[PDB]
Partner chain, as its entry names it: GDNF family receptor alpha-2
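As structure tokens, one chain now follows by itself in the form deposited without its partner chain.
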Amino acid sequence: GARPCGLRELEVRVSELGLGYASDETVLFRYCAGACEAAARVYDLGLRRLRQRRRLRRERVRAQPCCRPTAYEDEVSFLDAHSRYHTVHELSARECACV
């Protein structure tokens, strides 16, 4: 799809996140997804024109914006299968942008 880059939310079992934890506890996971065509820049035009002509000393360059978090949630706490209290830092996104 091509909905614009933004914050999305999904209710997930923490065992689905693959953190190494067995947990059937549900957490609200927030993430960044979507299209960045409206976010086109003159920088990206020039960079694409230079990569094509082999002017960038064979380095990997990103000439298109990426939809990514600009900020993260500080803490997500949950209990595991042994009822042990756990905290995870910067699990969910708090804000998104086409970078």
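Residue numbers count along the first chain shown, from 1.
Student: Compare the mean C-alpha B-factor of 19-27 with that of 86-94 as given in the PDB entry, and name the stretch with the higher value.
Tutor: Comparing averages over the C-alpha atoms only gives 19-27.
Student: Using the B-factors recorded in the PDB entry, average over the C-alpha atoms of 50-58 and of 64-72, then report which stretch comes out higher.
Tutor: The stretch with the larger mean CA B-factor is 50-58.
Student: Ranking the modelled residues of this chain by C-alpha B-factor as given in the entry, is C36 in the lowest, middle or highest third?
Tutor: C36: CA B-factor falls in the middle third of its chain.
Form solved in complex with its partner chain: not shown, discussed below.
Student: Using a 4.5 Å heavy atom cutoff, which residues in 79-97 contact its partner chain in the deposited complex? It's fine if the answer is none.
Tutor: In sequence order, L79, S83, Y85, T87 come within 4.5 Å of the partner.
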